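We number each residue from 1, following the sequence as shown. The analysis underlying the following values was restricted to heavy atoms, covering all of them including side chains, and did not include hydrogens, waters or symmetry mates.
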Amino acid sequence: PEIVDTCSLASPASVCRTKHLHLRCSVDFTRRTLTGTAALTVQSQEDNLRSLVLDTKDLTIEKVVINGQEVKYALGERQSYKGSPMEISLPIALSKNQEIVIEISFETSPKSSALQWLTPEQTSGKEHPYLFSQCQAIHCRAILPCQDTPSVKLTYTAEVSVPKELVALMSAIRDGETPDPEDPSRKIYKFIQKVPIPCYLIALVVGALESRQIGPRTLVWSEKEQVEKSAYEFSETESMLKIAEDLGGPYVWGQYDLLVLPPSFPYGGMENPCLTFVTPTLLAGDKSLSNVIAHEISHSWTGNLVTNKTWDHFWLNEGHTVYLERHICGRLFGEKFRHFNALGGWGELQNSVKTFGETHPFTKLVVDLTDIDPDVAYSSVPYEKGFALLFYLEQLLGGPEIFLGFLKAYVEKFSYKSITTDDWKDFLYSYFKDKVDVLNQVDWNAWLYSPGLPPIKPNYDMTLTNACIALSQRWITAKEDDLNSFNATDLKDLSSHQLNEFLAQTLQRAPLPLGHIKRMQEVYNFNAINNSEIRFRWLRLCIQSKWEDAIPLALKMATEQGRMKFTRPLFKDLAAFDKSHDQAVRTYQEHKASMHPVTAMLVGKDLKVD
Ligand SMILES: N[C@@H](CCC(=O)Nc1ccc(OC[C@@H](O)c2ccccc2)cc1)C(=O)O
Ligand SMILES: [Yb+3]
Ligand SMILES: [Yb+3]
Ligand SMILES: [Yb+3]
Ligand SMILES: [Zn+2]
């Protein structure tokens, strides 16, 4: 038995394992480069090892040093999105289990697909620049040479130099600050990560950062003007950490800090160990998007502790994480709320399947990513098909109490390791050996490997959903003589989550007649709502229903923030509406140079330009 990562060009885990990284680097805002040395401790897994291969993407290599001597190296030609393979020739041949430190002096490209450089005018303070990393899935190679695969896990110590008036933070514990020994006006921040992580969890941020304390092991980081709203928005963090510890075992990372990025941050969150990255679009002003925090918190076990071996098995990361997320929200707000969110996720699943097509290879639970850019295939499917499976099994195996017992053991058995769907399923059968017959009733083939909607829908409690269906249906079937009965009172007992679910449900039946959508704004005033989730679905409904007045609103939102879940479909909807098409394409061309590289490439492909 042997399994290879088809997203990596580096030497595989069965040949050699990276065990440690010493990073010393300089952050240069003038050149937009990351400069420095990456010292890799490498353990050989076979006898007679003469050379290894590492991943790179648009990297400049200065020199390769092994034991104080320069050695031979060769970069192969670029294989599109995978980058360029780097063969390093070792001077002394390695036996099984032997270690060598390989020091690579590197410079990053200004166009690194891992990083976004912000000018002062692109930030909030407007006086200092900004940089952030997003390595997931395979962008770490665009920062440093590494085995860019989640099948390898490594500790790391880092030392990064930044201008005196800026703060560096990494996916590690802060080791304190001391001025550069060979310095301009600079500060050299030190970091240590004692826990072995996959390299996609390596992260760096540099900007005019200030912090506020909101929990015993939690600090919110952001620019001065965001720190206030953030401290309030995420107050529930420690209480979420506590419930997550009860569900998955002890939290091993020591510290759980949050960082609120610039609006161009491409995701809801990123579970960078010790330092969760979140979008500023979470700042609703009422804590209502805090499920995203629960999500990143849950990754401290499912994802960061037990890690997908290859990206083919991404669903292990996200399925279990969404499962724990919804349990945190459930234990906080009630079991009925947990069902409401679970049904809404099925809803999102339905949408991804309709969008891709019910026979699309990207709707499979386990996808073959041979010659597929992980960024193109990314969707809600692994999240929600993954949640549905676990949810279904939970109901099948006798409830959440029993299944959370499996979950805890699963985290315990596979902690600090990298696993496949098969390891998971094999452990499932091992744990529930008293229930093998029940497990053989499940259509494993269809769930794991079939496209489309799952072969079976779980059971959902409907308490909080009914009012959403009632109202959505009323609008969807509305005629002229219903329009005057619609009223602000329709919304009186609805939470922001229910409002969102109402719009999601109505969006599935778009377009609605223009007159009806105009009447919707007349009676509900959905334009005045700043909740990003609500605004997003609302503006999509408007654009898809041919409302011209919504064009500048959707244009504003699509470019005033970068979160791909909002930005991409807004651009797509605006391209599909003939009134806005030209303007959508023009707006993207003006904004693309100052957008995030991954977001730019994706929106560009969405729009069929370049
Ligand atoms: N982890 C964060 C979001 C950023 C992220 O997951 N990045 C990312 C990007 C591309 C990926 O690609 C693999 C993906 O294309 C895929 C799709 C379907 C099935 C398996 C894998 C995986 C993760 C979070 O959950 O809050
Ligand atoms: Yb150089
Ligand atoms: Yb340079
Ligand atoms: Yb009627
Ligand atoms: Zn996740």
All N/O donor-acceptor pairs, side-chain side in residues 306-316, below 3.5 Å, sequence neighbours left out:
from   : atom 1 : to     : atom 2 : distance (Å)
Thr307 : OG1    : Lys153 : NZ     : 2.7
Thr307 : OG1    : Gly303 : O      : 2.8
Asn308 : OD1    : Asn317 : ND2    : 3.2
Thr310 : OG1    : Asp312 : N      : 3.4
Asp312 : OD1    : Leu369 : N      : 3.0
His313 : ND1    : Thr421 : N      : 3.0
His313 : ND1    : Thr421 : OG1    : 2.8
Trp315 : NE1    : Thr421 : OG1    : 2.9

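Screening residues 9-19 for side-chain hydrogen bond (donor to acceptor under 3.5 Å, both in side chains), with sequence neighbours left out, gives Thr18-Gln147. Listed by first and then second residue, the side-chain hydrogen bond (donor to acceptor under 3.5 Å, both in side chains) pairs involving residues 441-460 are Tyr429-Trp444 (not counting sequence neighbours).
Evaluation of the side chain to side chain contact (heavy atoms under 4.5 Å, CB included) rule for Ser113 yields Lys57, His139, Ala142 as partners, not counting sequence neighbours. Take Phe414 and apply the ring-ring contact (aromatic ring centres under 6.0 Å, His included) test, not counting sequence neighbours, and it matches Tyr410, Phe427. In this structure, the ring-ring contact (aromatic ring centres under 6.0 Å, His included) partners of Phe387, at least two apart in sequence or on a different chain, are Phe391. With sequence neighbours left out, the salt bridge (charged side-chain N to carboxylate O under 4.0 Å, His left out) criterion links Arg217 to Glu238, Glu245. With sequence neighbours excluded, no residue satisfies salt bridge (charged side-chain N to carboxylate O under 4.0 Å, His left out) with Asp422. Legend: residues meeting side chain to side chain contact (heavy atoms under 4.5 Å, CB included) with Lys364, ordered by chain and number and at least two apart, are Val367, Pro451. In this structure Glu159 satisfies the salt bridge (charged side-chain N to carboxylate O under 4.0 Å, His left out) test with no other residue, sequence neighbours excluded. A search for side chain to side chain contact (heavy atoms under 4.5 Å, CB included) contacts involving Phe333 returns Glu236, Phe337, not counting sequence neighbours. Qualifying ring-ring contact (aromatic ring centres under 6.0 Å, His included) partners for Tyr256, counting only residues two or more places apart in sequence or in other chains: none.
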